[PDB]
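Chemist:
Residue numbers (our numbering), protein chains in the order written: chain A, 728 to 849; chain B, 13 to 307; chain C, 13 to 307.
1. Return the bridge partner residues of residue 258/C from the DSSP annotation.
2. Which of the three DSSP states, helix, strand or coil, is assigned to residue 828/A?
3. Spatial neighbours of residue 156/C within its chain, please: C-beta separation below 7 Å, excluding the five flanking residues on both sides.
4. Any Cβ of chain B within less than 7 Å of the Cβ of residue 739/A?
5. State the Cα-Cα distance for the pair residue 19/B and residue 105/B, rounded to the nearest angstrom.
6. Between the segment 228-237 of chain C and the segment 209-217 of chain C, do at least 3 Cβ pairs fall closer than 8 Å?
7. If I measure Cβ to Cβ from residue 117/C and keep anything under 7 Å in the same chain, skipping five residues before and after, which residues do I get?
8. Of the choices 235/C, 251/C, 215/C, whose alpha-carbon is the least far from that of residue 288/C?
9. Using a Cβ cut-off of 8 Å, which residues of the segment 25-54 of chain B contact any Cβ in chain A, in chain order?
10. CA-CA distance, residue 265/C and residue 97/B?
11. So, does the CB of residue 173/B fall closer than 7 Å to a CB anywhere in chain C?
12. Assuming residue 185/B and residue 102/B make a contact with CB atoms under 8 Å, what is their CB distance in whole Å?
13. Classify residue 239/B: buried if its beta carbon has 16 or more other beta carbons within 10 angstroms, exposed otherwise.
14. If we ignore side chains and look at the alpha-carbon of each, how far apart do residue 824/A and residue 800/A end up?
15. How far does the beta strand (DSSP E) with residue 128/C in it extend, from its first residue to its last?
16. Closer than 7 Å by beta-carbon distance: list the chain B residues that pair up with residue 275/C, in chain order.
17. Short of 8 Å Cβ to Cβ, which residues in the segment 65-90 of chain B face chain C?
18. Inspect the CB distances between the segment 140-147 of chain C and the segment 29-39 of chain C and report whether three or more fall short of 8 Å.
19. Under a three-way DSSP split, which group does residue 221/B fall into?
20. Do residue 111/B and residue 61/B have their beta-carbon atoms positioned less than 7 Å apart in this structure?
21. Could one say the Cβ of residue 21/B lies closer than 7 Å to chain A's Cβ atoms, at least one of them?
22. Quick one: grab the DSSP three-state call for residue 795/A.
23. For residue 63/B, which of 177/B, 233/B, 206/B has the nearest alpha-carbon?
24. State the Cα-Cα distance for the pair residue 159/B and residue 241/C, rounded to the nearest angstrom.
25. Quick check: the segment 297-307 of chain C against the segment 242-262 of chain C, are at least 3 beta-carbon pairs closer than 8 Å?
26. So is residue 844/A in contact with chain B if we call contact Cβ pairs under 7 Å?
27. Quick check on residue 733/A - is its C-beta less than 7 Å from some C-beta in chain B?
28. Nearest by alpha-carbon distance to residue 129/B: which of 154/B, 100/B, 175/B, 205/B is it?
29. Please report the residue range of the beta strand (DSSP E) in which residue 251/C lies.
30. Between the alpha carbons of residue 192/B and residue 70/B, how many angstroms are there, rounded?
31. Distance, Cα to Cα, residue 770/A vs residue 781/A?
32. Is residue 36/B helix, strand or coil when you go by DSSP?
33. At 7 Å on the CB atoms, spell out the chain B contacts of residue 304/C, in chain order.
34. Please classify residue 24/B: is it buried, with 16 or more other beta-carbons within 10 angstroms of its beta-carbon, or exposed?
35. Give the DSSP-derived three-state secondary structure of residue 95/B in the structure shown.
36. Tell me whether residue 17/B sits in a helix, a strand or coil according to DSSP, three-state version.
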């Protein structure tokens, strides 16, 4: 049911911990699970977004500072699970948007403009 | 259980939709159900309320812009359901009150003062950061709508009221009218509104939207009871002073003389209920005629 | 069994009443049922028919004076039932025919000639001393009414027709329209009719009752498609020739200049469908504006 009643609190916030990691035989492979915190963002008190596009590959620290230490012994991968959460740690007395959607083709100019952004899955 | 714990949120708000309508055989009648949004209110950062009293009758648009189109074929009604909700769309960082209670006798001066208001049923004002409702004990007599004039008492229950007194800043909220009507006797006719003055008296005796008062020192009055863009068209004889001037108004269109015996026209675009326009011709009331179509 | 015996009475006649109306949920629509009496006919003591072709659309009063008041809140319809009866109220001591058959394509010249008529479905004319009915295969597409103008084909099925050719003397009879409509999509609005000319073209694009043709040698045309007493009000700029004259008309009320830039008004009281009134201003069409409310 959406309807009636809604509480946009002054403040909302979450409490995330500290992911401790998990792993498999030989078969011909190992495995992993997330827990990284990829850079933030910073205001934008402006009328055009502005992007931090960060690249994804088992070894690209600017996207993995704790797993780029166990790919110096292998070469090839997977992904089976991977999502990005906007933890939420800033009251509502603030607002705008925080676009956030990945594009397989992990390389090419972000646009310049929204619609452009607001047209690419994620 | 009231007790302990309460969350007066920064913000509260509701989500209302778009009432699509429902209806019955012959027996000797038809029916309806509400969905209107009767004008708002506007701050009041002051210490005395201030009222928008709006009148109730199957045909009084200033209280029904979607049902005053199916009473041009009948004459008489009902009411079985009708309540006004203060939708609630403005954070709590704002406050005061938003009085809102109906008085059968839908016509008589609002008071001037609260207690006065706070003594006439209705009951129910609350703060602006919450969602309230209002309800009315409806009767059961075959009353007639106004293909005029009459008397404001034998033709319609009574007007509604709404005040709000506060000072913390905002554009409070909005309301409508939850209802279900009975339109007996098959008739059919109407339009504008045409309202002539007869040297001794006038004549609004065929559906409203404006009341024509004058303020002595002749300078005059040409008003509204309804809200929207209109097509005036009208009145005449001794083309005096002026005519068709305007003040708490929306766009004006005059394509007349003055006239000293002429013809005239204008398009309004109003603002909130009751905005006014006026002529200028002497001293003491007789004139000519006019007709005000809504559009 | 036809055979043997037949009684063509001197007089035959019927007794019709006063249809009181019936209606449905939301689903996405409302409904209706007929009871109108669309203009008559008048002798024809001549050898070539002569037609009153009347147009069909939820809003075309010249074919609905009681239902063109509940299409100012919707846009689209149905038809599920609709037939025209020649009530029969005139003795047999009179005779001829009273053609009466509809043509989807509700717009195009009637012919000039019978066979022409007697070749277009509908079918069914009979003599004036009897009681006949007429029916129409109605479709099933969500068509839109005219908050104007358009095209007479994508907005309404087609006009109706009626001829009668005879010479023996009488005021034949009357008819209506047996129907049941579907008014989807919740809208709401309208009035008169306001219809402006733009130097290049015009503008009737907001509900009719008259068609404004001109006859060259400028002398002009100011017409009707509907029937009743009205309140004109309107149009202007180069106050020429005249204005507001009238010919196949009912009472006229002009309280204007001429105007060479003025304002004007009149009250009609018509006669049977399509009576005409006119101005007089030059040569070739551009002008000003007008609005025709029914009343």
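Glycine included, every Cβ here is placed at the ideal spot set by N, Cα and C.
Modeler: Per the coordinate set shown:
1. Along the third chain, one-based indexing puts residue 258/C at 246. Beta-bridge pairing links residue 258/C to 289/C.
2. Locating residue 828/A in the first chain gives position 101, where the first residue counts as 1. Note: residue 828/A maps to coil in three-state DSSP.
3. Locating residue 156/C in the third chain gives position 144, counting from the first residue. Correct list, in chain order: 87, 88, 167.
4. The residue labelled residue 739/A in the question sits at position 12 within the first chain. Not closer than 7 Å to any Cβ of chain B, the Cβ of residue 739/A fails to qualify, so no.
5. Along the second chain, one-based indexing puts residue 19/B at 7. Along the second chain, one-based indexing puts residue 105/B at 93. Spanning the two alpha carbons is a distance of roughly 14 Å.
6. no
7. Position 105 of the third chain holds residue 117/C. So the qualifying residues of the chain are 165, 170.
8. Locating residue 288/C in the third chain gives position 276, where the first residue counts as 1. When only C-alpha atoms are compared, the closest one is 235/C.
9. 25, 26, 27
10. As a working note, residue 265/C is residue 253 in the third chain. As a working note, residue 97/B is residue 85 in the second chain. Between residue 265/C and residue 97/B, the C-alpha separation is close to 48 Å.
11. For the purposes of this step, residue 173/B is identified with residue 161 of the second chain, where counting begins at 1. Cβ-Cβ to chain C under 7 Å: no for residue 173/B.
12. The residue labelled residue 185/B in the question sits at position 173 within the second chain. The residue labelled residue 102/B in the question sits at position 90 within the second chain. Contact flag correct, Cβ pair sits at about 6 Å.
13. Start at 1 with the first residue of the second chain, and residue 239/B comes out as number 227. Label assigned to residue 239/B: buried.
14. On the first chain, position 97 is the one that residue 824/A refers to. On the first chain, position 73 is the one that residue 800/A refers to. C-alpha separation (whole angstroms): 40 Å.
15. Your numbering for residue 128/C matches position 116 in the third chain. Run containing residue 128/C: none in the beta strand (DSSP E); it sits in the alpha helix (DSSP H), 126-129.
16. If you number the third chain from 1, residue 275/C lands on position 263. Correct list: 267, 268, 274, 275, 276, 277.
17. 77, 78, 81, 82, 84, 85
18. no
19. For the purposes of this step, residue 221/B is taken as residue 209 along the second chain, with counting starting at 1. In the structure shown, residue 221/B sits in coil (DSSP, three-state: anything other than H, G, I, E or B).
20. Along the second chain, one-based indexing puts residue 61/B at 49. Along the second chain, one-based indexing puts residue 111/B at 99. Their beta carbons are under 7 Å apart, which means residue 61/B touches residue 111/B by this criterion.
21. Against the second chain, residue 21/B aligns to sequence position 9. Yes, residue 21/B counts as interfacial toward chain A.
22. Against the first chain, residue 795/A aligns to sequence position 68. In the structure shown, residue 795/A sits in coil (DSSP, three-state: anything other than H, G, I, E or B).
23. What you label residue 63/B is simply residue 51 of the second chain in a count that begins at 1. Nearest of 177/B, 233/B, 206/B to residue 63/B, Cα basis: 177/B.
24. Counting from 1 along the second chain, the entry for residue 159/B is found at position 147. Counting from 1 along the third chain, the entry for residue 241/C is found at position 229. So the alpha carbons of these two residues sit roughly 17 Å apart.
25. yes
26. Sequence index remark: in the first chain, residue 844/A carries index 117 (1-based). Not one chain B Cβ lies under 7 Å of residue 844/A.
27. As a working note, residue 733/A is residue 6 in the first chain. So yes, residue 733/A belongs to the interface.
28. Here residue 129/B corresponds to residue number 117 of the second chain, with the count starting at 1. Of the candidates 154/B, 100/B, 175/B, 205/B, the one whose C-alpha sits nearest the C-alpha of residue 129/B is 175/B.
29. Numbered from 1 along the third chain, position 239 holds the residue referred to as residue 251/C. Run containing residue 251/C: none; DSSP gives neither H nor E here.
30. By one-based count along the second chain, residue 192/B stands at place 180. By one-based count along the second chain, residue 70/B stands at place 58. Approximately 11 Å between the Cα atoms of the pair.
31. Translated into positions along the first chain, residue 770/A becomes position 43. Translated into positions along the first chain, residue 781/A becomes position 54. Looking at the two C-alpha atoms, the distance is approximately 18 Å.
32. Position 24 of the second chain, counted from the start, is the residue given in the question as residue 36/B. Coil.
33. For the purposes of this step, residue 304/C is taken as residue 292 along the third chain, with counting starting at 1. Here the premise fails: no neighbours, minimum Cβ distance about 11 Å.
34. Numbered from its first residue, the second chain carries residue 24/B at position 12. It is buried - the Cβ of residue 24/B has at least 16 other Cβ atoms within 10 Å.
35. As a working mapping, residue 95/B is identified with position 83 in the second chain. Note: residue 95/B maps to strand in three-state DSSP.
36. Reading the second chain from its first residue, position 5 is the one you call residue 17/B. Correct three-state label for residue 17/B: coil.
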